[PDB]
Amino acid sequence: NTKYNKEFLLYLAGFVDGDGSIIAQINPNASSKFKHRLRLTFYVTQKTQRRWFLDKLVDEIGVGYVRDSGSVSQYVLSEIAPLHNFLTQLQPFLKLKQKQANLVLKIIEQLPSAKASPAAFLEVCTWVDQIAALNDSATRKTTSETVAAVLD
Amino acid sequence: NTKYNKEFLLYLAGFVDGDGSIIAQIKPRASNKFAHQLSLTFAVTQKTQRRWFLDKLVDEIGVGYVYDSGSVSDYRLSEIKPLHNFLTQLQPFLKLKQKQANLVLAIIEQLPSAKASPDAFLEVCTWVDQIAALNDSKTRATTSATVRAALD
DNA sequence: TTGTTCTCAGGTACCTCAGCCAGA
DNA sequence: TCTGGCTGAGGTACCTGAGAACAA
Ligand SMILES: [Mg+2]
Ligand SMILES: [Mg+2]
Ligand SMILES: [Mg+2]
């Protein structure tokens with residue numbers, strides 16, 4: 001577990017509050033027992049002309065990737081243990097996105113339980129709803145209600 | 001000549017680097033001696049639903065104003081003295097917009113010279129050009145080139 | 001002749017989803 | 001079945017100007 005420098009976290013927390021994204025998704029997976037896969041992602045988006053800033057980020061964080069789309073690029077971190085570690089350290093410093101970070105931490109922490117039971121899974125799906133509500137959500141599709149597929 | 005907390009400055013620089021803007025403008029004015037007026041702005045933009053964040057900024061910075069148009073708000077600071085002080089303090093922590101901050105500080109400093117002579121004014125105008133070039137400039141009309149209306 | 005406040009809006013550069021597939 | 005790497009894209013929420021007017 002990497003300990004991040006405080007000043008780095010303070011700047012990043014500001015930059016994240018601006019161009020960053022803390023995301024929770026419920027993906028429909030036919031293979032999964034509950035028919036859905038959870039995904040948690042930390043994203044930082046920037047124009048591709050500036051991707052070096054993102055490339056540096058992979059190095060400083062120590063995990064993750066930069067993906068490129070023509071004009072715009074993103075830093076993405078999805079791996080759960082590194083994500084929990086980085087967010088734990090970030091969240092004290094966030095303002096706009098502090099609650100989202102706390103919710104993500106909660107979900108991850110409760111993941112194993114969530115896997116052993118439909119009920120524990122649905123509760124946890126509600127948390128995802130909460131993160132989406134907090135975010136500027138515009139294109140969302142699958143929610144905890146969709147997870148009434150479990151009622152069938 | 002307020003002195004700002006370093007932790008606050010670190011967070012804000014990251015935020016400014018993300019959602020913020022450092023703007024230099026040349027505005028054409030007949031009443032002006034060289035026929036244009038120079039403007040400098042520091043802005044942070046956010047959705048009005050989050051205006052509370054910007055209002056907080058006026059309190060923390062202690063100067064400047066918040067404005068709404070449509071469904072987004074802008075924190076703005078233009079007063080040159082306060083702008084010079086704030087930016088002098090902010091600039092060490094900026095990464096993306098560090099040069100723009102410095103170029104602005106220099107322009108302000110050379111203002112008295114800018115007034116005395118046209119050739120001096122014109123050079124100060126070129127600095128404005130650099131700032132705009134650094135920025136993601138998309139709608140700029142008036143330039144150092146426009147300022148060679150000084151051909152009269 | 002200058003500085004500053006206040007409003008407006010073009011064109012994205014972000015945000016925040018969606019989804020598929022390889023591997024263990 | 002589960003997770004982590006990868007790509008695609010809708011709908012703004014930003015950025016970064018413009019300009020008119022008030023106040024000296
Ligand atoms: Mg933002
Ligand atoms: Mg940005
Ligand atoms: Mg932004």
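Throughout, protein chains are lettered first and strands after them, A, B, ... in sequence-line order, and every chain is numbered starting at 1.
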Check: Hey, which of these two, A:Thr48 or B:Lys81, hits DNA chain C nearer its 5' end, going by closest nucleotide?
Finding: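 The residue closer to the strand's 5' end, by nearest nucleotide, is B:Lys81.
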*Of the candidate nucleotides C:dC14, D:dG19, D:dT16, which contains the atom at the shortest distance from the side chain of B:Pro28?*
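Selected nucleotide (nearest to the side chain): D:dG19.
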query = How long is the span from the CG atom in A:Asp129 to the OG1 atom in A:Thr142, to the nearest 0.5 Å?
reply =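 Atom-to-atom, A:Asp129:CG and A:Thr142:OG1 are 10.5 Å apart.
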Letter by letter from the 5' end, nucleotides 16-24 of chain C scores (B base, S sugar-phosphate only, - none; protein heavy atoms under 4.0 Å) BBBBBB---
Identify, via the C1'-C2'-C3'-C4' dihedral, which side the sugar of [N] sits on: north or south.
N: D:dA20; value: south
N: C:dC17; value: north
N: D:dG10; value: south

Donor-acceptor pairs under 3.5 Å, side chain of residues 49-62 of chain A to any protein atom, not counting sequence neighbours: which ones?
unit_1  : atom_1 : unit_2   : atom_2 : d
A:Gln49 : OE1    : A:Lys47  : NZ     : 2.7
A:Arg50 : NE     : A:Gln46  : OE1    : 2.8
A:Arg50 : NH1    : B:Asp136 : OD1    : 3.2
A:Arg50 : NH2    : B:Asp136 : OD2    : 2.8
A:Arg51 : NE     : A:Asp55  : OD2    : 3.3
A:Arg51 : NH2    : A:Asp55  : OD1    : 2.9

Is [X] near enough to [N] that one of its side-chain N or O atoms lies under 4.0 angstrom from OP1 or OP2?
X: B:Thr45; N: D:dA13; result: no
X: A:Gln46; N: C:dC14; result: yes
X: B:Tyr67; N: C:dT7; result: no
X: B:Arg29; N: C:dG3; result: no
X: B:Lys138; N: D:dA18; result: no
X: B:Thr139; N: D:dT16; result: no
X: B:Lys115; N: C:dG3; result: yes
X: A:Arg51; N: C:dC14; result: no

> Do A:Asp19 and A:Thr45 have side-chain N/O donor and acceptor atoms under 3.5 Å apart?
Replying inline: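 Looking only at side-chain atoms, A:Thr45 and A:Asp19 do not form any donor-acceptor pair under 3.5 Å.
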Holding to salt bridge (charged side-chain N to carboxylate O under 4.0 Å, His left out), I want the full list of residues that pass it with B:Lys6, two or more places apart in sequence or in another chain.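 Listed in chain order: A:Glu7.
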Note, [X] side chain near [Y] side chain (heavy atom, < 4.5 Å):
X: A:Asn135; Y: A:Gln100; value: yes
X: A:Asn27; Y: A:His36; value: no
X: A:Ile26; Y: A:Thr146; value: no

Determine the minimum heavy-atom distance between B:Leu38 and B:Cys125, stating which atoms define it.
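Shortest heavy-atom contact: CD2-SG, 4.3 Å.
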Shortest non-hydrogen contact from B:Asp68 toward B:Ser73: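 Of all heavy-atom pairs spanning B:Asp68 and B:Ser73, the closest is OD1-OG, 3.3 Å.
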Item to complete: Could you check whether the rings of B:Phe121 and B:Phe34 sit parallel, tilted or perpendicular, using 30° and 60° as the cut-offs?
Response: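 Parallel: the ring planes of B:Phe121 and B:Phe34 meet at under 30°.
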Q) Between C:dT1 atom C1' and B:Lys33 atom NZ, what is the distance in whole Å? A)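 Rounded to the whole Å, the gap is 8 Å.
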- Query: Within 45° of the axis and under 6.0 Å from the centre of the six-membered ring of A:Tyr11, does NZ or CZ of B:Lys95 qualify?
  - Reply: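 Output yes; distance and angle both within limits.
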query: Taking the nucleotide of DNA chain D with the closest heavy atom to each, which residue, A:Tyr65 or A:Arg50, is nearer the 5' end?
result: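 Result of the comparison: A:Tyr65.
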Query - Listed partners of A:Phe93 passing ring pair (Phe, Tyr, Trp, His ring centres under 6.0 Å), at least two apart - result: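 Partners of A:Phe93 under the ring pair (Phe, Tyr, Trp, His ring centres under 6.0 Å) test: none.
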What are the residues of residues 141-152 of chain B, sorted by number, that bring a heavy atom to within less than 4.0 Å of DNA chain D?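 Residues of residues 141-152 of chain B under 4.0 Å from DNA chain D: B:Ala141, B:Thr142.
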| task | For DNA chain C, determine which residues of residues 52-64 of chain A have any heavy atom closer than 4.0 angstrom to one of its atoms, and list them numerically. | result |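 Within this stretch, nothing sits under 4.0 Å of the strand.
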